[PDB]
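Novice: For the record, the sequence lines run as chains A and B.
Mapping of the first sequence onto this note's numbering: residues -5 to 207, in sequence order.
Mapping of the second sequence onto this note's numbering: residues 101 to 320, in sequence order.
Heads up, the beta-carbon is just placed ideally off N, CA and C, and yes, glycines get one too.
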Amino acid sequence: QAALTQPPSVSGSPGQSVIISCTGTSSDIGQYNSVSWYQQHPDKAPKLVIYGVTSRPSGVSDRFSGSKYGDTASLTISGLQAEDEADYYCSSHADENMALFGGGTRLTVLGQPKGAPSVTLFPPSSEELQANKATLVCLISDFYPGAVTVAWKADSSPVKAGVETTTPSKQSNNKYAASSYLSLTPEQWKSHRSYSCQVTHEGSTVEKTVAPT
Amino acid sequence: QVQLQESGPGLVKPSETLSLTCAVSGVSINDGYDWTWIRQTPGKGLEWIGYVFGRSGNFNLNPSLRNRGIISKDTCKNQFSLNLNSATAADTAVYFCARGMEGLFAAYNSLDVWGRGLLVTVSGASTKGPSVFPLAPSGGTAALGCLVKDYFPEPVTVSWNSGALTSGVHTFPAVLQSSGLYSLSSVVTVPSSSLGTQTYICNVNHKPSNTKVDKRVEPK
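1. Give the residues of chain A in contact with residue 273 of chain B, contact being defined as C-beta atoms less than 9 Å apart.
2. Measure from the C-beta of residue 298 of chain B to each C-beta in chain A and report whether the shortest distance is under 8 Å.
3. Residue 193 of chain A: which of A:141, A:149 and A:36 sits nearest, CA to CA?
4. For the alpha helix (DSSP H) containing residue 120 of chain A, name the first residue and the last one.
5. Just to confirm, are residue 71 of chain A and residue 57 of chain A a CB contact at a threshold of 8 Å?
6. Is the CB of residue 104 of chain A under 8 Å away from at least one CB in chain B?
7. Expressed to the nearest angstrom, what Euclidean distance is found between the alpha-carbon atoms of residue 107 of chain A and residue 245 of chain B?
8. Could you check whether the Cβ of residue 283 of chain B sits closer than 8 Å to any Cβ belonging to chain A?
9. Under a three-way DSSP split, which group does residue 190 of chain B fall into?
10. Residues of chain A with CB closer than 9 Å to the CB of residue 245 of chain B, please, in chain order.
11. Take residue 306 of chain B and list the residues in its own chain whose beta-carbon comes closer than 7 Å to its own, dropping the five residues that flank it on each side.
12. Measure the CB-CB distance between residue 103 of chain B and residue 128 of chain B and report whether it falls below 8 Å.
13. With a threshold of 8 Å on Cβ separation, who are the neighbours of residue 280 of chain B within its own chain once the five nearest residues in sequence on each side are excluded?
14. Nearest by alpha-carbon distance to residue 144 of chain B: which of B:308, B:219, B:249 and B:193 is it?
15. Which residues of the region 191 to 214 of chain B have a Cβ closer than 7 Å to any Cβ of chain A? Give them in chain order.
16. Under the rule that 16 or more other beta-carbon atoms within 10 Å means buried, what is residue 205 of chain B, buried or exposed?
17. Kindly identify the DSSP beta-bridge partner or partners of residue 200 of chain B.
18. DSSP three-state label for residue 106 of chain B, please.
19. If the cut-off is 8 Å on Cβ atoms, which residues from the region 217 to 241 of chain B count as contacting chain A, listed in chain order?
20. If you reduce the DSSP assignment to three classes, tell me which class residue 109 of chain A lands in.
21. Is the Cβ of residue 95 of chain A closer than 8 Å to any Cβ of chain B?
22. At a CB-CB cut-off below 9 Å, which residues of chain B make contact with residue 28 of chain A?
23. Buried or exposed: where does residue 209 of chain B fall if 16 or more other Cβ atoms within 10 Å of its Cβ makes it buried?
24. Of all the options B:198, B:260, B:158 and B:278, which has the alpha carbon lying nearest to the alpha carbon of residue 270 of chain B?
25. Are the C-beta of residue 201 of chain A and some C-beta of chain B separated by less than 8 Å?
26. Contact between the region 167 to 181 of chain A and the region 272 to 289 of chain B is defined here as three or more beta-carbon pairs at a separation below 8 Å; is this criterion met?
27. Since residue 110 of chain B meets chain A, which of its residues come closer than 8 Å, beta carbon to beta carbon?
28. Would a check of beta-carbon distances place residue 189 of chain A closer than 8 Å to chain B?
29. Taking the continuous beta strand (DSSP E) assigned at residue 152 of chain A, which residues delimit it?
30. Could you name the residues of chain B that residue 3 of chain A contacts, counting a contact when the two beta carbons are closer than 7 Å?
31. Cβ of residue 91 of chain A less than 8 Å from any chain B Cβ?
32. Are the beta-carbon atoms of residue 184 of chain A and residue 191 of chain A separated by less than 8 Å?
33. Quick check on this structure: which residue in B:101, B:294 and B:121 has the alpha carbon closest to the alpha carbon of residue 218 of chain B?
34. So what's residue 292 of chain B in DSSP terms, helix, strand or just coil?
35. Is the Cβ-Cβ distance between residue 97 of chain A and residue 2 of chain A less than 8 Å?
36. Mind listing which residues of the region 29 to 43 of chain A have their C-beta closer than 9 Å to chain B's C-betas, in chain order?
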């Protein structure tokens, strides 16, 4: 039983429509009327939006509609809003008493204003130094779109060792956030002019700097 | 009114079996529903695991878990369970218990009721509580925070002043280090005139290690 195939990415403008495809075979989507669509926001349980190909559960907007043609099912979203921005999964019954999932489709709603990252750099705490360790903390937030590169500099010379950096993640204001850590010896911390954290958002670079004082 | 609540260890060792229960309230576990399990490796898609039918107690799993998995029901305490034997790193995921709509054909495919999800990590590494370091402040406002360093496994929770402080708070997702340990940070922006008078307490909780910390963050 082959997997259901969805497009990984899909986009639309506010007020407009978007159609998401789920392709199966003649013996699942083609044979049965048991196609479901699920909506999932970050760090939440998915939510039933469509079942039985065309039906809506209690409390689901009329803007969501399902259909199918041959081996392919489709979810249509009209009156596109920013809160419709989520991951969408199709599913179907498959014989031998099982359900098949699609790979999911990420829906992007166009027209979100660009934002520049707010950067906060922290020096090693006295308590950590007293534990003979040192950690720099670069906190990056409120940027859109969610692409950011991070460079560290001892005085002004690049440094890549002892650097762990997280992937971006969506905040509750649809902006993105990330963090970068520089592990060090108290020696390296003490024996330098100033360590710097520079954040490159699309084109521009914001820099913050701490000093051993 | 049908509530589904996952329960179980968030850390299992390789080769051991992964066990989870779903507590069902508001209806009987013996009613004609498909009690279903779903899992999601963080950052990836949905996997359909299988179900039990309430009336019969008959269960089925997907073809790739059929040799390691059982889903059954507990009639004494109104639950259904998932047991996955021979656990490996591929089994690390967030697990959901779910409910299929009443009386539907293939109800296990039309899941309208869900649990909150439970993350379980599969690793040989041991439970390690974090170290909490205060991030002391230095234009009208100032930034201070907590550093939650080197813990395992996920997750931890952070609050400021037991929830009383919410404005200007940003708690960041953890970084996974090559050591295999996690670290995260929380930061809050406050009026600089309130430093030295207003108490600022970072509340850190790491349930896997039973560690609870109330770190005071102070200037100078």
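Specialist: Inspection of the coordinates gives the following:
1. 160, 161, 163, 171, 172 and 173, listed in chain order.
2. No Cβ of chain A is located within less than 8 Å of the beta carbon of residue 298 of chain B.
3. A:141
4. 120 to 123
5. yes
6. No, its Cβ sits nowhere closer than 8 Å to a Cβ of chain B.
7. 29 Å
8. Cβ-Cβ to chain A under 8 Å: yes for residue 283 of chain B.
9. helix
10. 114, 116, 131 and 133
11. 229, 230, 251 and 256
12. no
13. 223, 225 and 252
14. Taking residue 144 of chain B as reference, the option from B:308, B:219, B:249 and B:193 with the minimal CA-CA separation is B:193.
15. 196, 201, 205, 206, 208, 209, 210, 211, 212 and 214
16. exposed
17. Its beta-bridge partners are B:211.
18. Here DSSP, grouped into helix, strand and coil, assigns residue 106 of chain B to strand.
19. 217, 231, 233, 234, 235 and 236
20. strand
21. yes
22. Here the neighbours are 204, 205, 206, 209 and 210.
23. Buried, since its Cβ has 16 or more Cβ neighbours within 10 Å.
24. B:260
25. no
26. yes
27. The premise fails here: residue 110 of chain B is roughly 16 Å from chain A at the closest Cβ pair, so nothing lies under 8 Å.
28. no
29. It spans 151 to 153 - the beta strand (DSSP E) in which residue 152 of chain A sits, taken as one unbroken run.
30. By Cβ distance, chain B contributes nothing, its closest Cβ being about 14 Å from residue 3 of chain A, past 7 Å.
31. Closer than 8 Å: yes.
32. no
33. B:121
34. helix
35. At a Cβ-Cβ threshold of 8 Å, residue 97 of chain A and residue 2 of chain A count as neighbours.
36. 29, 30, 32, 34, 37, 38, 39, 40, 41 and 42
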